[PDB]
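*Asks:* give me a 3D structure for the following:
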Amino acid sequence: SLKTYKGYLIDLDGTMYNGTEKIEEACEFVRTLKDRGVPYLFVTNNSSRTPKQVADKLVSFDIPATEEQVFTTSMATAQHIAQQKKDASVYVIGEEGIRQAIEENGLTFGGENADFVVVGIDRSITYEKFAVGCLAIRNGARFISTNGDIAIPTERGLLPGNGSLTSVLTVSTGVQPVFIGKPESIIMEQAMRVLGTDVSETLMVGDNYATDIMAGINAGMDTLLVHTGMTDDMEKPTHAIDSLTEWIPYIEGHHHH
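*Replies:* Numbers count the residues shown, from 1 in each chain. The coordinates are given below.
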């Protein structure tokens with residue numbers, strides 16, 4: 001049997017969009033959801049880019065995405081914090097994405113005495129930036145990291161990822177951070193708040209097991225793994241396909257005109 005899903009979370013971080021064929025396939029997949037009135041969000045562990053930046057790029061490939069249909073770990077982070085304390089102050093390490101999310105969720109920026117410390121990727125990192133974060137934590141700040149990814153694949157090779165930079169604070173202070181992004185469930189839970197659907201009716205679509213699928217599994221939601229081209233104690237994705245095109249008939253069969 002195939003369940004009827006009322007909402008889709010679609011991962012942006014994998015190889016699912018590599019090359020002309022894949023991009024066109026993703027376009028037809030998303031247009032099917034839109035055509036059939038099914039709500040979706042694009043999700044990402046990238047804390048640096050703003051939802052406008054991400055949606056603009058999707059739209060440049062004719063993939064239909066408003067700014068409101070992009071949900072980043074920065075947004076999950078700020079929502080999480082606002083739900084802890086509506087008027088929280090936050091010392092932020094990171095780039096434009098996380099700063100905008102903090103701003104837009106009614107939170108304020110602080111320093112050595114902030115309520116929270118947040119670490120998101122910062123290619124302009126400095127010793128003093130680490131230092132202020134450490135001091136804030138030792139002064140009692142709750143410690144949050146947007147995402148634990150250890151490295152970023154580039155043409156140069158594998159560069160330091162946010163998980164590696166986060167570690168400076170973890171080690172120096174002895175305080176373990178709350179990670180927001182994949183494979184943790186928080187990003188999924190915060191996404192569902194925006195999407196407006198239940199765990200039982202939401203599908204997470206991704207192309208990497210360790211991050212995308214595990215995030216869905218940890219949140220208790222069904223998953224769809226796309227093999228772009230598994231130990232027994234390892235929980236399988238609910239569904240698996242080679243191309244997003246394969247899922248189109250299932251959308252159409254469950255969401256009619």
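*Asks:* helix or strand: which one has residue 22?
*Replies:* Using DSSP states H and E, residue 22 maps to helix 19-35.
*Asks:* list the buried ones in that helix?
*Replies:* 22, 25, 26, 27, 29, 30, 32, 33 (16 or more other Cβ atoms under 10 Å). Heads up, the C-betas are built off the backbone N, CA and C, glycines and all.
*Asks:* show me the contacts for the second one.
*Replies:* Shown here is residue 25, whose contacts under the criterion Cβ atoms under 8 Å, 6 or more residues apart in numbering are 243, 244, 245.
*Asks:* quick one: which of the buried residues of helix 19-35 is nearest residue 153?
*Replies:* residue 22 (16.8 Å; Cβ to Cβ).
*Asks:* ok, now how distant is the nearest residue to the closest one once chain neighbours are set aside from residue 245?
*Replies:* Leaving aside its sequence neighbours, residue 22 sits nearest to residue 16 (Cβ to Cβ, 6 or more residues apart in numbering; 6.3 Å). Noted for residue 16: a distance of 12 Å to residue 245, by Cβ to Cβ, to the nearest Å.
*Asks:* equivalent analysis for residue 186, please.
*Replies:* Residue 186 is 31 Å from residue 245, by Cβ to Cβ.
*Asks:* who has more neighbours, the two?
*Replies:* residue 186 (21 against 15; other Cβ atoms under 10 Å).
*Asks:* give me phi/psi at the closest residue to the more buried one other than its chain neighbours?
*Replies:* Nearest residue to residue 186, sequence neighbours excluded (Cβ to Cβ, 6+ apart): residue 180, at 4.8 Å. With angles defined as degrees, to the nearest 10, residue 180 shows backbone torsions of phi -100, psi -40.
*Asks:* and the gap between residue 180 and residue 192?
*Replies:* The value you get for residue 180 to residue 192, if Cβ to Cβ is used, is 14 Å.
*Asks:* ok, those two, which is more surrounded?
*Replies:* Shown here are residue 180 and residue 192; by other Cβ under 10 Å, residue 180 has more neighbours (29 against 20).
*Asks:* so the more buried one touches residue 187, yeah?
*Replies:* Yes: look at residue 180 against residue 187 with Cβ atoms under 8 Å: they come within range, at 5.7 Å.
*Asks:* how about the contacts made by residue 38?
*Replies:* With Cβ under 8 Å, 6+ apart, residue 38 has these contacts: 5, 6, 7, 8, 251, 255.
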